[PDB]
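**Q**
Numbering (the entry's author numbering), first residue to last: 5 to 99.
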C-alpha cells in the first residue's frame, strides 16, 4: 500500500531524513531531494534497483503524498506531467 510506505517515510529513523529546511522567511517542512527517496527505498525491502524505486516514488507524488519544491519540478508538472517525480538533486521534494 502506498499509504503504508509513505507513513514509514514519515517515521523517525526508519523513514527518510526528516530535516527542517529553512531559508529566509519560509520553513520547508522536511525538504529533501528526488534522488534521496530513491536511495532510501532501494536501501529498504521495497525496491532493489534505482529504476524500481524511481517508479514507486513516482506514484507517491502522483497521489499527492509529496510536495514539489523549486522552479524545476514546478516546470515539470506545468506542461507534460508524464514524469512528475524527478530523480535529480536540483529538484526538491518536501512533506
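The beta-carbon is built from N, C-alpha and C at its ideal position, and this holds for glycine as well.
Could you check if residue 77 is buried or exposed, using at least 16 other CB atoms within 10 Å of its CB as the buried criterion?
**A** Burial call: buried.
**Q** Pick from 12, 60 and 86: whose alpha carbon is nearest that of residue 39?
**A** Residue 39 has its Cα closest to that of 60, out of 12, 60 and 86.
**Q** Am I right that residue 79 and residue 6 are in contact with their C-beta atoms under 8 Å? What's the rounded C-beta distance?
**A** Not confirmed; about 25 Å, so no contact.
**Q** Determine, using beta carbons only, whether residue 88 and residue 65 come nearer to each other than 7 Å.
**A** Cβ distance < 7 Å, so residue 88 and residue 65 count as in contact.
**Q** In this structure, does DSSP put residue 67 in helix, strand or coil?
**A** Three-state DSSP puts residue 67 in a helix.
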